[PDB]
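J.: Below is a structure I'd like to ask you about.
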Amino acid sequence: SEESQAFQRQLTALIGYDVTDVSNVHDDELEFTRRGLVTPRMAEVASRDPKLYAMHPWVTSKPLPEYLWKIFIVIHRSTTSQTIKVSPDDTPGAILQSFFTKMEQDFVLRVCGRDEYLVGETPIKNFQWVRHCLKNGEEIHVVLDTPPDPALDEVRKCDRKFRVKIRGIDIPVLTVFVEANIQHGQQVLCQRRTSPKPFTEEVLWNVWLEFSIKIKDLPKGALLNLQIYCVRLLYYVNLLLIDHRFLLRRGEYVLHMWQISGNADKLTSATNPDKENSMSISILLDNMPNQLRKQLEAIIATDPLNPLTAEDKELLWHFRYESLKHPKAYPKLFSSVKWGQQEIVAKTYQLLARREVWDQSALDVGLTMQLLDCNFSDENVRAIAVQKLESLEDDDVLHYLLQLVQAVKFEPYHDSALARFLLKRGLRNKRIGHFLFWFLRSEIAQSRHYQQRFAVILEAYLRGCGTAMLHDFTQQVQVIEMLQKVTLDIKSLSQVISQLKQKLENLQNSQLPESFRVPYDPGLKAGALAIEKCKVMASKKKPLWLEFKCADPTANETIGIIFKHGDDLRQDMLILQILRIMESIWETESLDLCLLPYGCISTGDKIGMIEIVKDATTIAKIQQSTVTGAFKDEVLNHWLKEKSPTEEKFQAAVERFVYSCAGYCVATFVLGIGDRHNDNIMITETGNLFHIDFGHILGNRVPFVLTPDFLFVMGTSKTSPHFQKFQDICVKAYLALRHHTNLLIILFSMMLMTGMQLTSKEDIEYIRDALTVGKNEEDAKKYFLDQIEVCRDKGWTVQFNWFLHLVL
Ligand SMILES: Oc1cccc(-c2cc(Nc3cccnc3)nc(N3CCOCC3)n2)c1
């Protein structure tokens with residue numbers, strides 16, 4: 001079809017990858033998956049309420065934080081600005097029908113400046129926007145607008161032993177051999193290796209590697225891992241021994257292998273796209289006492305990063321029907337399985353059929369995600385985790401969306417429950433789909449390993465999001481592509497800003513769309529760009545500082561965005577999303593630590609965009625604008641007095657500081673990134689503190705930053721009242737997180753496995769020490785205070801050293 005061609009062409013443009021490409025494939029799993037997903041896509045399209053899907057009301061079911069539990073709304077019909085008081089449990093329609101008396105009722109209550117609507121049968125106390133404005137004590141300004149026409153959300157019409165024959169490897173450019181492994185969930189079942197031979201542009205063994213395992217004993221999801229050596233590893237490539245159709249693999253295979261540069265990429269079932277420079281390999285296939293109860297309870301009740309010994313697994317397996325009673329033990333129990341034995345696997349399913357407990361149990365995300373990591377290849381084991389995810393509401397789905405998208409790399413096959421799940425939740429929610437779009441486009445644009453699997457998934461989504469969405473994405477992508485070139489061209493080079501003003505002026509011309517949607521915050525529409533406000537930054541990375549006029553006249557603040565190439569913003573995104581999670585955790589405990597998880601979206605290979613926090617500057621700048629390595633205690637406080645004249649304002653900024661400082665002190669501490677520098681810590685003129693550039697720190701001693709300039713602001717020289725207010729919070733905020741150890745851990749693990757040659761046998765096991773695991777809550781309190789003491793003792797010491805290091 002004429003249009004169908006320009007369609008697939010438009011898709012590819014948005015995707016950043018051509019899915020109809022078939023040059024880098026040895027089978028049809030991808031094409032098979034493209035077609036498989038057609039059902040979930042359309043099945044979801046025809047289920048979503050056109051109205052609710054078009055307005056995407058952002059709501060929640062969770063209770064209201066006590067601190068907030070302790071109101072009126074403004075309206076803006078043109079010149080008319082009627083101000084009305086409403087009961088908390090009033091439907092937006094009831095409030096609307098209430099405005100009908102105090103004055104074709106086919107209108108809707110939108111938000112001033114943003115694309116956020118207040119619709120549906122939901123008490124206004126359940127709209128995240130209202131809740132947000134309360135944690136700020138701001139007036140809820142609503143513009144009486146018309147409902148958006150949903151007509152724009154329409155879519156386009158054998159008992160023998162296993163053996164493989166290694167024909168040989170082909171090198172593009174002394175001694176070498178091939179290791180043929182049989183993995184399942186990162187656990188090797190059998191291993192064979194060829195003889196060593198001197199290097200040549202074509203080493204031919206032509207040998208039959210016989211394995212001790214039998215064909216029937218092969219579990220679906222088992223990978224055939226091929227590795228080349230010299231001892232050191234060089235190239236690696238994988239192959240599902242059982243294809244998407246449950247068929248045992250057969251025939252000739254020539255695989256182009258990925259290279260090592262010494263991790264999730266190690267698992268990918270994809271092959272190296274670049275055939276020119278990739279090493280290749282050709283292969284041929286052609287085929288209950290009290291004690292032992294008390295003894296395993298310790299096993300069940302232990303961190304996910306605690307390895308199971310031989311006896312652990314046996315004990316755990318023998319009493320499997322008793323272990324299946326504790327949901328917090330499933331990961332452990334399914335790790336105790338002999339997947340390389342059909343008889344054993346068959347039993348585990350008999351076991352899974354008896355999920356009386358796991359099904360009815362309250363959703364534990366930390367527990368759920370664990371069955372989705374690299375440790376599980378059994379589609380059935382992984383599928384029971386996705387079932388629990390069906391319970392999540394959008395609000396929560398949005399919290400773990402990033403971590404879930406990454407967990408797709410741990411899937412054996414392209415089409416999967418996890419994959420289909422994201423596609424379903426993204427198609428029901430414009431806001432979830434939006435981020436799904438960029439989260440996927442990010443991986444596709446810097447991960448040769450998983451760009452194929454991901455691209456297929458994104459395409460399945462673009463075909464369902466509707467026409468409206470496609471247009472927004474189109475104008476978003478177009479704009480983003482332009483800004484990225486400018487970012488690069490300028491990084492290659494005051495003659496600089498004169499060059500920026502020049503180039504930027506051309507983009508402004510006519511090529512760019514009038515107004516585009518801010519990727520890290522789709523609620524916002526950025527219109528006309530303010531060239532006179534744009535400037536290049538003074539970092540060696542030389543990022544761009546850009547600002548746009550708010551495309552909505554009923555707002556006129558400028559939208560500040562930063563475009564930067566150099567660092568990997570994927571690491572930043574992960575960290576920031578963890579902070580947002582911590583806040584929710586604290587929110588359940590009526591805790592607000594004023595964390596500032598600014599917007600950040602990776603757009604490609606070590607390049608992306610970052611949100612600008614208004615009236616915020618670097619702590620380092622303050623010390624050097626007043627005083628370079630020299631550090632005075634009064635400087636910080638003086639800066640506040642100045643930036644906040646009204647005593648009422650100043651006194652509140654200090655209250656906002658103590659909390660924000662406590663929040664970041666604890667948050668960074670747990671994530672093991674508290675040891676930073678002044679230049680990497682910022683603060684709002686309103687006293688709100690926050691760290692930045694996380695891609696820099698983890699990408700390359702003091703528990704956290706608690707320097708005497710901070711303490712001075714609290715009133716410490718001398719334990720001030722505020723300082724006690726500080727450490728009191730820290731403890732409360734610290735013990736809170738601990739009640740989610742498992743979650744923080746698995747997130748921490750999936751953050752490095754898919755986000756960072758970071759040792760998992762060491763670094764990964766840092767958070768264990770930090771969260772005082774295996775220690776009573778009371779003991780934990782003392783530890784954190786001890787960590788604070790470390791800061792009191794070092795004072796400026798650490799900072800001065802960072803000043804040295806980052807100068808010499
Ligand atoms: O996550 C990353 C990664 C790399 C760089 C950053 C990064 C660096 C930076 N530097 C800066 C700004 C102003 C003055 N001096 C230095 N500012 C911000 N912002 C985000 C928060 O709002 C303020 C601007 N982010 C953040």
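Heads up, residue numbers simply count up from 1 along the chain you see.
The deposited model was determined using X-ray crystallography, 3.2 Å.
Keep in mind that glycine also has a Cβ here, set from the backbone N, Cα and C atoms.
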J.: Per Swiss-Prot, which of 137-143, 312-318, 536-542 is region 'G-loop'?
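T.: Per Swiss-Prot, the stretch marked region 'G-loop' is 536-542.
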J.: For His691 (ATP binding site), just count the other CB atoms lying within 10 A of its CB, please.
T.: 22
J.: Can you give me the CA-CA distance across the unmodelled stretch from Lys70 to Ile71? There are 6 residues absent, and I want it in whole angstrom.
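T.: It comes to 11 Å between the two flanking Cα atoms.
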J.: Return the residues near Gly695 (ATP binding site) by Cβ distance under 8 Å, restricted to its own chain and a separation of at least 6 in sequence.
T.: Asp567, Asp568, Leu569, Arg570, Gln571, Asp572
J.: Please list, in sequence order, those recorded positions from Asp568, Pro597, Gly695, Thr741 with the Cβ less than 6 Å from ligand 1.
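T.: Cβ < 6 Å from ligand 1, in sequence order: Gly695.
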J.: Any idea what the Cα distance is from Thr741 (phosphothreonine) over to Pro597 (ATP binding site), rounded to a whole Å?
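T.: Rounded to a whole number, the Cα-Cα distance is 21 Å.
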